[PDB]
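Asks: Dropping the structure in here first, questions after.
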Amino acid sequence: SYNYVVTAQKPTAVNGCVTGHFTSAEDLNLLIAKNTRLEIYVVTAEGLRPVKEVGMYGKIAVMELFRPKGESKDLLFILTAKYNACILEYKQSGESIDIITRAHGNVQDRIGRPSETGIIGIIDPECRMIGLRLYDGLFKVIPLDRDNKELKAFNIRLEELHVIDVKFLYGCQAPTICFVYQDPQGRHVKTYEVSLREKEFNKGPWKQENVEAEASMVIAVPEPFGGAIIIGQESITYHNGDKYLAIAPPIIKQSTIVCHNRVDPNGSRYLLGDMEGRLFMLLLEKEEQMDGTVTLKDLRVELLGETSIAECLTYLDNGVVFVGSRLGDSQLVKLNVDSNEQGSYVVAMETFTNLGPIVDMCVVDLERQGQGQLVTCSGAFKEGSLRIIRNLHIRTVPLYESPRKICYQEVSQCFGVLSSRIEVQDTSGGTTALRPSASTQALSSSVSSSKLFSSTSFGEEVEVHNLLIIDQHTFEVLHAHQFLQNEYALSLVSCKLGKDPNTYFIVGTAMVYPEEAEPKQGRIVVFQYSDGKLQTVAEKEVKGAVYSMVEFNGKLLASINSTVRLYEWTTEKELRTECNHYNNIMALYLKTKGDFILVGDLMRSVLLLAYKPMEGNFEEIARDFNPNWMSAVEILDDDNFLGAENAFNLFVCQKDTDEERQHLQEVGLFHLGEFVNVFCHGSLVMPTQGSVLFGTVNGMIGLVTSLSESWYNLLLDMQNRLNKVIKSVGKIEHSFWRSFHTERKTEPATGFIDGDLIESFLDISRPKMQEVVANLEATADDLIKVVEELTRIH
Amino acid sequence: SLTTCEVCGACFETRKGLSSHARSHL
Amino acid sequence: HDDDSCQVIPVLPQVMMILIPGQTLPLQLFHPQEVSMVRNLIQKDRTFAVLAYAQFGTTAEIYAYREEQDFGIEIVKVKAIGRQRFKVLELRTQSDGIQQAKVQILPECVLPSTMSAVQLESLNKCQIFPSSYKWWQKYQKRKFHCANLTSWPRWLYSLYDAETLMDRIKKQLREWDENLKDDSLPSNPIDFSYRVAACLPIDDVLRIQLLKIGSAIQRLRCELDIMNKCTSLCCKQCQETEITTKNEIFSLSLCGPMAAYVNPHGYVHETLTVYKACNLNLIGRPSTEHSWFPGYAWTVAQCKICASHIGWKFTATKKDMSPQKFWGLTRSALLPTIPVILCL
Ligand SMILES: CCN1C[C@H](Oc2ccc3c(c2)CN([C@H]2CCC(=O)NC2=O)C3=O)CC[C@@H]1C
Ligand SMILES: [Zn+2]
Ligand SMILES: [Zn+2]
């Protein structure tokens with residue numbers, strides 16, 4: 001096979017935000033990072049002015065602005081996930097904007113143990129070096145003094161092999177880093193001095209023998225007071241040689257602080273955000289002494305309101321805080337002066353779309369216009385939502401509740417979605433919820449009553465799974481069937497079954513209990529929504545988890561643990577086993593094209609079956625076992641199959657004596673750069689063959705289509721030809737970006753053509769347009785026609 | 001002695017029987 | 001270099017065992033063909049091939065080498081340990097008889113955390129776990145928190161998490177030997193799997209399937225399946241005599257349940273100590289000579305159907321001892337059965 005992957009929606013999630021002076025020294029920029037997307041804004045008294053947004057050939061992992069000695073403006077340091085480091089400078093000639101790469105290089109070390117807490121990038125307060133903690137046991141030091149265009153670095157050896165978070169300290173006499181490690185004995189805080197001269201560590205100013213055990217955050221306090229703040233689970237401690245203050249704020253005990261941004265350059269006010277969306281304010285109370293010297297009087301923690309589950313935070317100016325969000329929409333909040341009617345001094349002020357994470361989707365032509373929109377289960381917790389995507393315009397339906405699986409019952413003119421509510425066990429012995437959700441605010445509401453299966457802390461969270469019947473026009477939560485207790489829903493499908501004429505809502509579940517590790521009992525349920533009411537058209541208590549279900553030629557193919565079972569719909573309205581196929585893998589994924597059955601398993605365990613008709617049983621066609629984590633999978637055609645695996649990597653395998661015919665060979669590899677959660681056949685439009693849409697964790701939406709062998713070859717040349725003209729943002733080679741990268745091993749890509757590159761030929765100059773088509777003879781104008789048909793797909 | 005099984009230790013009364021046991025180990 | 005690479009290694013001609021990696025084998029080389037072999041071996045890599053008949057086996061690395069000329073012949077006495085499994089490609093029999101083997105190194109798939117790609121950057125810092133059972137409910141909430149961003153739940157991600165699996169295995173192991181629950185077993189998944197497979201009461205065909213399993217997680221997940229599904233032990237030959245059942249296994253001494261013991265003629269007997277055995281006929285009169293469990297007296301035990309040796313019935317000599325009747329069953333004789341496929 002040969003396939004073409006093109007981006008149909010850039011990533012929508014923010015994964016980092018910095019305020020500085022990138023563009024000119026005179027304006028405050030806000031730079032935002034969205035996986036492979038750097039957005040550059042100017043903070044206007046009104047709001048934000050878009051300046052330039054650029055795409056790197058890597059995953060922005062570190063993003064930090066700094067300004068070393070001898071610089072008109074701030075520079076930006078970018079480290080990607082494949083260890084591509086680069087220093088960027090902004091440069092605009094009246095109307096010509098370009099992000100120049102002042103320094104580039106790959107900080108990867110051949111040997112190393114990738115650190116648990118991940119890639120940490122820090123820069124000296126006086127911009128004298130750039131410290132990287134890429135691996136455990138080591139600390140790369142790019143010296144910043146003098147031009148290090150190639151990013152030469154030395155790797156200082158670090159005795160402590162379990163660093164949580166590290167930051168360069170302020171007020172340092174010499175370059176000092178404060179870090180927090182875990183020992184067998186516990187979690188401690190220490191400091192070292194980075195002797196560039198001796199290219200080794202030297203003992204530091206201070207060290208804390210044992211500090212709170214869930215201490216995760218080191219925040220360097222600027223020179224006015226000096227030191228470091230150690231944010232923990234229950235406490236927030238400040239440390240600076242002699243001085244040591246520690247508070248255990250009551251309000252912070254309810255969630256965990258994950259992001260922090262300094263408000264005043266001074267360092268007296270820090271913003272803190274948790275994982276439930278609350279936004280706190282750390283105030284350091286100062287002491288105005290007569291000798292000048294200032295003493296931390298006290299540490300105060302105040303709750304400002306609630307925002308989007310915030311990945312990053314940054315104060316812009318005039319009370320506007322940007323909330324970058326990965327689970328829900330990003331926003332600009334105005335912090336007010338006076339406690340509002342509820343206390344929130346936070347007041348929402350502008351929201352930006354985030355389609356991520358995309359856990360399920362479906363393609364539906366609702367306006368019956370032969371086009372096709374796209375509804376997505378998007379978000380998590382408070383940020384749960386249904387986004388409806390038409391050609392691109394996005395209608396957001398909040399749900400305040402996590403949507404998990406979505407299907408479309410056309411007969412009923414409504415959507416089936418499986419949703420999850422978080423509730424806390426409270427004093428009555430039941431569980432209260434903690435916000436009104438879609439389930440709680442539906443108009444009709446059924447609860448299950450099976451008795452099929454008979455069966456602590458006053459803050460312990462419980463999940464409440466329920467089916468939502470959502471109208472396709474108003475998007476009201478019409479019905480809310482709440483499932484059984486200790487019941488987890490897994491699979492949902494809308495199909496007509498058997499000879500019966502009613503279309504139905506089939507939901508496969510699995511009974512979960514904290515002790516039962518393996519799921520040893522579940523149930524398939526059949527619903528019917530036809531008079532504003534959900535009616536349970538019989539159930540079938542299975543002995544395992546109904547991981548996936550698909551309609552199979554008027555039948556129902558359910559996987560129950562390691563068994564692909566086929567069911568029929570009987571005249572008296574009941575499911576009945578026709579055949580059984582027991583596998584040696586847990587049938588996690590179930591895909592079907594006509595009579596072929598695809599079975600999958602987290603560790604890339606593909607397995608093709610086929611239901612022999614007259615025989616009335618399945619027979620195995622081929623298997624392929626190449627262990628690696630697999631997250632989603634789909635059938636391209638009867639022979640080629642596509643899936644996503646591990647570190648943002650697509651792959652296509654294919655079928656072909658017979659010892660060979662029972663095996664699928666890999667025929668395409670590709671670092672997509674995204675985490676694919678659902679594949680979904682369909683277009684959003686209406687040469688190239690097929691159409692497989694996918695959504696990702698970062699809200700990226702993408703397109704795969706299959707090519708002819710000639711078209712692949714031609715585009716392949718065009719790829720290389722284009723890589724010569726189109727300049728990378730970090731000086732990052734396209735082929736490295738795309739090569740199949742797994743922590744274990746990295747291999748070069750195949751079977752995939754990067755349409756996003758192929759499509760940029762329409763955006764290059766007419767001169768350079770000739771430089772690439774050169775000696776293909778084909779002129780520039782032929783090829784413009786070619787791509788233009790390809791644009792007509794997303 | 002000439003009637004004990006090297007493998008399991010069983011002592012038979014007759015060699016012609018320890019031979020029939022000797023089968024049982026394969 | 002080594003993994004998934006095609007090497008040639010010599011083969012010890014007289015060999016057959018299913019050598020699980022990490023096991024050790026004693027060796028006594030008489031014939032000059034094999035004596036010249038090990039001589040070349042220890043000069044060179046000292047890794048030979050243990051053919052597991054058929055087209056599979058494991059490379060064994062010599063770690064102990066001793067030539068003790070005794071009985072007027074140049075006996076070389078060596079000891080090797082099993083390193084890497086392999087699938088044979090070509091067997092070439094030399095003029096000496098020593099067979100050489102083109103060999104494809106089987107895989108040992110090292111895999112990252114299931115949440116390595118979904119872990120939120122902010123959540124990366126709150127990961128390192130601070131050094132009963134609520135701990136594992138908490139372990140699962142935390143490590144797999146980012147599962148909400150995927151299409152699968154947390155409890156599925158736990159059924160593939162090496163650390164969770166190894167503990168589930170180690171808990172069941174604790175019902176057999178109430179004893180060291182620490183350094184006793186390894187900490188790396190890749191080793192913990194190969195160790196479990198060599199101390200389970202399983203037959204050679206189960207060993208062989210665990211050995212062919214690529215990834216250490218799939219190998220654990222299967223080892224867990226065997227311990228949950230194949231809970232009845234039967235006669236390997238007649239295959240129609242349930243001898244014992246998983247809940248009767250104990251560990252008389254601190255060395256394990258199915259330790260390996262040596263009879264006065266060098267025969268080794270992985271002997272799974274159980275409390276009760278069924279359908280066994282006792283051959284002979286009890287004895288205590290060379291008794292492996294001092295204070296008990298052994299009586300040979302064979303199948304009531306095919307008269308194939310199964311083990312011994314050990315009897316308390318004294319009256320203080322407790323238990324008084326247990327049974328020792330050699331691994332060679334047993335065969336696990338499901339009272340249904342083993343999965344990975
Ligand atoms: C009586 C004459 N005979 C005595 C010995 O014959 C034997 C041969 C094999 C085994 C045993 C004795 C004991 N035994 C097991 C039983 C279980 C246990 O606890 N410990 C063991 O060692 C064997 O497997 C040595 C050779 C002489 C000629
Ligand atoms: Zn015997
Ligand atoms: Zn028998």
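The way I read the labels, and the way they are meant: chains A, B, ... in the order of the structure tokens, residue 1 as the first residue of every chain, and ligand 1 as the first ligand shown, with later ones counted on from there.
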I'd like the neighbourhood of range 21-25 of chain B as a PyMOL selection string, where a residue qualifies if any of its atoms comes within 8 Å (using only C-alpha atoms), though same-chain residues fewer than 2 positions away should be ignored.
Replies: (chain B and resi 5+17-19) or (chain C and resi 307-309)
Asks: Show me which residues sit within 9 Å of ligand 3 when counting only C-alpha atoms and all ligand atoms, and put them as a PDB file with N, CA and C atoms, in the first residue's frame.
Replies:
```
ATOM      1  N   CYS C 234      -1.986 -33.110  36.274  1.00  0.00           N
ATOM      2  CA  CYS C 234      -2.334 -34.474  35.864  1.00  0.00           C
ATOM      3  C   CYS C 234      -1.103 -35.306  35.507  1.00  0.00           C
ATOM      4  N   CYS C 235      -1.343 -36.600  35.251  1.00  0.00           N
ATOM      5  CA  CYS C 235      -0.296 -37.502  34.782  1.00  0.00           C
ATOM      6  C   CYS C 235       0.089 -37.179  33.340  1.00  0.00           C
ATOM      7  N   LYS C 236       1.374 -36.901  33.096  1.00  0.00           N
ATOM      8  CA  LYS C 236       1.806 -36.494  31.762  1.00  0.00           C
ATOM      9  C   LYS C 236       1.578 -37.592  30.724  1.00  0.00           C
ATOM     10  N   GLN C 237       1.650 -38.871  31.119  1.00  0.00           N
ATOM     11  CA  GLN C 237       1.605 -39.982  30.154  1.00  0.00           C
ATOM     12  C   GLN C 237       0.177 -40.388  29.796  1.00  0.00           C
ATOM     13  N   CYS C 238      -0.520 -41.044  30.732  1.00  0.00           N
ATOM     14  CA  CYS C 238      -1.880 -41.484  30.465  1.00  0.00           C
ATOM     15  C   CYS C 238      -2.836 -40.305  30.301  1.00  0.00           C
ATOM     16  N   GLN C 239      -2.428 -39.132  30.785  1.00  0.00           N
ATOM     17  CA  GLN C 239      -3.250 -37.900  30.658  1.00  0.00           C
ATOM     18  C   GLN C 239      -4.686 -38.170  31.113  1.00  0.00           C
ATOM     19  N   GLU C 240      -4.862 -38.951  32.178  1.00  0.00           N
ATOM     20  CA  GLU C 240      -6.226 -39.194  32.709  1.00  0.00           C
ATOM     21  C   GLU C 240      -6.140 -39.563  34.193  1.00  0.00           C
ATOM     22  N   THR C 241      -5.414 -38.772  34.983  1.00  0.00           N
ATOM     23  CA  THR C 241      -5.268 -39.038  36.428  1.00  0.00           C
ATOM     24  C   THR C 241      -4.930 -37.736  37.113  1.00  0.00           C
ATOM     25  N   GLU C 242      -5.945 -36.988  37.543  1.00  0.00           N
ATOM     26  CA  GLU C 242      -5.701 -35.721  38.276  1.00  0.00           C
ATOM     27  C   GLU C 242      -4.935 -36.059  39.553  1.00  0.00           C
ATOM     28  N   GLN C 302       3.585 -43.908  42.056  1.00  0.00           N
ATOM     29  CA  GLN C 302       3.351 -43.987  40.622  1.00  0.00           C
ATOM     30  C   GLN C 302       1.857 -43.866  40.342  1.00  0.00           C
ATOM     31  N   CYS C 303       1.542 -43.689  39.063  1.00  0.00           N
ATOM     32  CA  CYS C 303       0.171 -43.524  38.608  1.00  0.00           C
ATOM     33  C   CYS C 303      -0.647 -44.795  38.863  1.00  0.00           C
ATOM     34  N   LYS C 304      -1.901 -44.634  39.268  1.00  0.00           N
ATOM     35  CA  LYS C 304      -2.745 -45.805  39.440  1.00  0.00           C
ATOM     36  C   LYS C 304      -3.219 -46.375  38.109  1.00  0.00           C
ATOM     37  N   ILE C 305      -2.928 -45.706  36.985  1.00  0.00           N
ATOM     38  CA  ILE C 305      -3.443 -46.090  35.661  1.00  0.00           C
ATOM     39  C   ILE C 305      -2.329 -46.632  34.750  1.00  0.00           C
ATOM     40  N   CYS C 306      -1.242 -45.863  34.565  1.00  0.00           N
ATOM     41  CA  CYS C 306      -0.175 -46.215  33.627  1.00  0.00           C
ATOM     42  C   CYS C 306       1.125 -46.566  34.321  1.00  0.00           C
ATOM     43  N   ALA C 307       1.126 -46.573  35.655  1.00  0.00           N
ATOM     44  CA  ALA C 307       2.287 -46.948  36.467  1.00  0.00           C
ATOM     45  C   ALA C 307       3.522 -46.123  36.113  1.00  0.00           C
ATOM     46  N   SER C 308       3.319 -44.843  35.820  1.00  0.00           N
ATOM     47  CA  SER C 308       4.434 -43.978  35.489  1.00  0.00           C
ATOM     48  C   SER C 308       4.773 -43.145  36.713  1.00  0.00           C
ATOM     49  N   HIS C 309       6.069 -43.017  36.986  1.00  0.00           N
ATOM     50  CA  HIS C 309       6.527 -42.419  38.224  1.00  0.00           C
ATOM     51  C   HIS C 309       6.016 -40.996  38.309  1.00  0.00           C
ATOM     52  N   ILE C 310       5.546 -40.618  39.501  1.00  0.00           N
ATOM     53  CA  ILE C 310       5.007 -39.282  39.725  1.00  0.00           C
ATOM     54  C   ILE C 310       5.795 -38.582  40.828  1.00  0.00           C
ATOM     55  N   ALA C 333       6.820 -35.305  35.562  1.00  0.00           N
ATOM     56  CA  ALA C 333       5.683 -36.197  35.456  1.00  0.00           C
ATOM     57  C   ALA C 333       4.348 -35.507  35.315  1.00  0.00           C
TER      58      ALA C 333
END
```
Asks: Mind listing the residues within 6 Å of ligand 2, only C-alpha atoms and all ligand atoms counted, as an MDAnalysis selection string?
Replies: chainID B and resid 5 7:10
Asks: Go ahead and write the residues just picked, N, CA and C atoms, as a compact mmCIF listing (two decimals), in the first residue's frame.
Replies:
```
# COMPACT_ATOMS: atom_id res chain seq x y z
N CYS B 5 16.10 -48.65 41.76
CA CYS B 5 16.01 -47.80 40.59
C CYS B 5 16.92 -46.60 40.76
N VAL B 7 16.84 -43.81 39.46
CA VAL B 7 16.19 -42.52 39.28
C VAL B 7 15.29 -42.18 40.45
N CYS B 8 14.38 -43.08 40.81
CA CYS B 8 13.46 -42.76 41.87
C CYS B 8 13.79 -43.44 43.19
N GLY B 9 14.64 -44.47 43.17
CA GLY B 9 15.05 -45.15 44.38
C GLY B 9 14.28 -46.40 44.74
N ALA B 10 13.37 -46.85 43.87
CA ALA B 10 12.52 -47.99 44.19
C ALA B 10 13.33 -49.29 44.16
```
Asks: Around ligand 1, at most 6 Å away and counting only C-alpha atoms and all ligand atoms, which residues are there? Put them as a PyMOL selection string, please.
Replies: (chain B and resi 1+4-9) or (chain C and resi 263-264+290-293+298)
Asks: Give the answer as one residue: which of A:455, A:720, A:760, A:548 has the shortest atom-to-atom distance to chain C, using only C-alpha atoms?
Replies: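 Answer, going by the shortest atom-to-atom distance: A:548.
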Asks: Quick one: pick out all strand (DSSP E) residues within range 3-234 of chain C from a backbone DSSP run and write them as a VMD selection string.
Replies: chain C and resid 6 to 11 24 to 29 47 to 52 56 to 67 76 to 93 99 to 105 232 to 234
Asks: Can you tell me which residues surround range 255-263 of chain A at a distance of at most 8 Å, considering only C-alpha atoms, apart from same-chain residues fewer than 6 positions away, and format the answer as a PyMOL selection string?
Replies: (chain A and resi 217+231-233+269-276+310-315) or (chain C and resi 122-123+126)
Asks: What's the 8 Å shell around range 42-48 of chain A, counting only C-alpha atoms, without same-chain residues fewer than 4 positions away, as a list in words?
Replies: residues 27, 28, 29, 30, 316, 317 and 318 of chain A
Asks: Quick one: pick out all helix (DSSP H, G or I) residues within range 525-774 of chain A from a backbone DSSP run and write them as a ChimeraX atom specification.
Replies: /A:709-725,734-738,755-763,766-773
Asks: At a cut-off of 8 Å, using only C-alpha atoms, what residues contact residue 647 in chain A? Leave out same-chain residues fewer than 5 positions from it and give the result as a list in words.
Replies: residues 671, 673, 675, 741, 742 and 743 of chain A; 117 of chain C
